[PDB]
Every structure is written in C-alpha cells, then in structure tokens.
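Whatever order the structure lists them in is the order used to number ligands and atoms, beginning at 1. We use all heavy atoms of the structure for the numbers below, so side chains are in, but hydrogens, waters and symmetry mates are not. One-based numbering along the sequence shown.
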Amino acid sequence: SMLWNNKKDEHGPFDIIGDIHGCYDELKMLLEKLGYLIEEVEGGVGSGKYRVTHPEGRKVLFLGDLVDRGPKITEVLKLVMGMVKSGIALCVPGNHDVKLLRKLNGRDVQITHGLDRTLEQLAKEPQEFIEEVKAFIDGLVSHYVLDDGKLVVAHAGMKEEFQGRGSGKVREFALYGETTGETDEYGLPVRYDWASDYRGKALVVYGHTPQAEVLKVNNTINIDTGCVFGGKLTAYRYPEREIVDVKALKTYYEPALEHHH
Ligand SMILES: [Mn+2]
C-alpha cells in the first residue's frame, strides 16, 4: 500500500505549472505573479543558485517537460531542482525529461524535438551538475495522488484505473498516455482520448499535447498552453481552481506540423 505516488497527506494549496521546455524567463514571471519570491543566492551554484519562498505557504507542482526547445534549459533545471530540494515543489516527469535521462545514461537516442538545445546548453555546465540532473530525473515519481485523493497530477494524465498504482504500465501512461490499438489513415497508432472517458473522483491536472487554451474535460484539465511555441505558460491554482498565465516573450520553437486531412 506504500507507493511513492501516495501524497494524500499533502493538502496544498498548490500552483500546478505546465510544460516549461526551457522557458526560464516566463517561469520566473509566472512564479512572481503567483506571489513566490525568488532569491538569486550569493555564491549559489547549480541547485543552490536560487531559493524560492511563498508567504502564504503555497507549493508548486511541476508537470514536467522542463527540458528541450527553449533558451534557458539549465536555469530552469537549477530553479526546479532547488525548489524540490527546499520542499516548496514537487515534480512529475515528462517524456522529454526521461528521454534526456536515458541519453545522459549512455543511450544513443534520436536527437529530436529540441533535445539538441538541451545538450548544447548542458555542455556549458560542469559535470557534478550533470550528475545532479541525472539523480534528480531518476527520482521523479510517475504521478502523485494528493489531498485525500481529490487531486492527481501527471504529465500525460492518469485514467482512473491506474491512479495510485505503481506498475511500469502506469508510469508509461504518465509519460506518453496510451494508444487505442487501431491505426489512422496513415496506418499509424492513434492516441487514446482517456479524458473523454474519465469518470474518476480526483481532479486530474496534466499537460499532454499542447493547446492554445486550457482544455477542461470532465474532472480533468490539460494546462500545457505551449509556452515555448509562442503560447503561454499556465499555472492552475488548487483548490481555488483558478487559471493564471504569462504570455511567452517570443516564439522560441516551432510547433508540430499539422496534417491537412
Ligand atoms: Mn511537452
């Protein structure tokens, strides 16, 4: 009964933040707008470079996809790692984060979707920081069930049946979701729209495929508003159920191509 995903004793309030993808400036703006105070620490290095506090004792929940695409990936990492360490944040992993971990561990993965930017930015940092990043990503839990089971956070979402489960299949769902088993017009796999079929008790806040505006469906909401693509970085305030966002300062990266159909 003792899984890592159980944080039911954590009641918040929480500010839940979608995919950052290296957008440090917007992250800093959003945290400040939420009332967090960010101190650039004197002499501070790596995960000790920053210290974040909140006078109302609010906590941040990051939905992952911290790395790739954007201009300030190592600063995002330093900030988020420090927050998790000081206890003001938790983080669940995105697909990009885990793929980065596999690459740093020695797997010869495809350099795509912004990973080149992470690698070239990481290259400018010392080695002990690189090991800190590996340790950080390796310890990320697939999802968290929080606040007496009233809230679930996961990167790609978490359908009811899998909530609170620690199996390998549940971790894959958190990272990637699942496919429907059938193919599309190109004979390719199709993503399963789990949120449409969701009837679970917990509100699920997640950040899967990027959207122009938050996508609320049944007791679920996707808050990846595509900051790095020139959209915005969104926080969802819990239990207030309020949306707070910061517009991207620039278009840092081009979004996926779109089929005509
Ligand atoms: Mn993403």
Side-chain angles (χ1 to χ4, degrees), residues 15-27 30 60-77 79-81 89-104 109-122 133 136-137 140-144 152-158 171-179 189 191-195 204-215 217 220-236 243 245-258:
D15 296 308
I16 306 171
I17 292 177
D19 306 46
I20 298 160
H21 286 304
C23 291
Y24 177 83
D25 291 339
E26 287 78 6
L27 177 56
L30 177 59
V60 177
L61 302 180
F62 289 102
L63 297 183
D65 265 11
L66 308 180
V67 305
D68 291 2
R69 296 185 176 111
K72 285 185 184 193
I73 299 164
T74 63
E75 292 316 301
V76 171
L77 279 165
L79 177 72
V80 176
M81 289 190 277
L90 300 172
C91 189
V92 297
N95 49 319
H96 289 253
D97 307 318
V98 167
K99 169 161 174 197
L100 170 65
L101 174 58
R102 289 170 183 156
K103 171 64 181 181
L104 300 170
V109 310
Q110 294 189 342
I111 307 310
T112 50
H113 298 118
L115 175 59
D116 67 308
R117 310 301 165 82
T118 296
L119 292 173
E120 73 190 19
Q121 294 175 33
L122 271 186
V133 166
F136 173 71
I137 294 178
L140 301 176
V141 177
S142 72
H143 65 290
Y144 287 112
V152 171
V153 291
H155 178 73
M158 193 56 66
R171 172 186 208 249
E172 301 179 13
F173 193 97
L175 296 174
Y176 308 116
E178 73 194 5
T179 47
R191 284 194 179 96
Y192 169 47
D193 181 353
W194 70 271
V204 185
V205 182
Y206 70 107
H208 197 9
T209 62
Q211 309 287 323
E213 298 290 338
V214 301
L215 177 57
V217 174
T220 75
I221 181 168
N222 177 347
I223 64 169
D224 182 4
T225 42
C227 185
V228 75
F229 305 115
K232 59 205 169 166
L233 188 65
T234 294
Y236 182 102
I243 301 312
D245 59 44
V246 169
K247 199 70 181 59
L249 295 172
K250 315 174 189 314
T251 289
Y252 299 105
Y253 208 89
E254 335 198 350
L257 309 180
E258 175 192 338

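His21 lies close to the Mn ion (ligand 1), since one of its N, O or S atoms is found at a distance under 2.8 Å. The Mn ion (ligand 1) has an N, O or S atom of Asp19 under 2.8 Å away, backbone or side chain.
Atom CD of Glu120 has more than 12 heavy atoms from other residues, nucleotides or ligands within 6.0 Å. Enclosure of atom CZ in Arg191 is not indicated, since only 12 or fewer non-hydrogen atoms of other residues, nucleotides or ligands lie within 6.0 angstrom.
Without hydrogens or angle criteria, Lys250 side chain to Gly230 main chain gives no donor-acceptor distance under 3.5 Å.
The closest approach of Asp65 to the Mn ion (ligand 1), by N/O/S atoms, is made by OD2.
Between the side chains of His113 and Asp68, no donor-acceptor pair of N or O atoms lies under 3.5 Å.
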